[PDB]
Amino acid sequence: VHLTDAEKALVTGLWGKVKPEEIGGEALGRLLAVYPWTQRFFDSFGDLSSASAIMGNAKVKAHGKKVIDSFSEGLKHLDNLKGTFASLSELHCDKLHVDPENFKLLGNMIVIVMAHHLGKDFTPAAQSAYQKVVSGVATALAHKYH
């Protein structure tokens, strides 16, 4: 949502320094391992019975890529995350029944995974910009909940 032009540059600059597929696979996998109730939604994914199984699971990795490709498209529309995620908001609410609190948790995993990959380059200022982004994505995903 409201990031300055400079803040947007900070975000998009660092995004070009990571490999999105890795960020997505690892963020989703950490979500499943750190908050195991989230596994309730992924019964079709097969073996999620340990962190090793989760990180070795092809379906988790593939789904992580779809999640992160949608995140990447969000980064190109920071001034309209509500519009950008409207269809996905409907999907998560009407079809999947995911409580919106979990959007915040996955956002937090994306933040932690970015720090894991970027190290000291993920400064306190960079983290603050990314928290604003994931907060906005979570708000947008929760918008069509009814």
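Numbering starts at 1 and runs along the sequence shown.
- Note on 106 to 114 vs 53 to 61: mean CA B-factor is higher in 53 to 61.
- Higher average CA B factor: 44 to 52, of the stretches 94 to 102 and 44 to 52.
- In this PDB entry, the Cα temperature factor of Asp79 sits in the top third of its chain's modelled residues, the highest group.
- When the modelled residues of the chain are ordered by C-alpha B-factor, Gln39 sits in the middle third.
- Remark: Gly136 belongs to the middle third of its chain, ranked by C-alpha B-factor as recorded.
- Sort the chain's modelled residues by C-alpha temperature factor and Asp69 lands in the middle third, per the entry.
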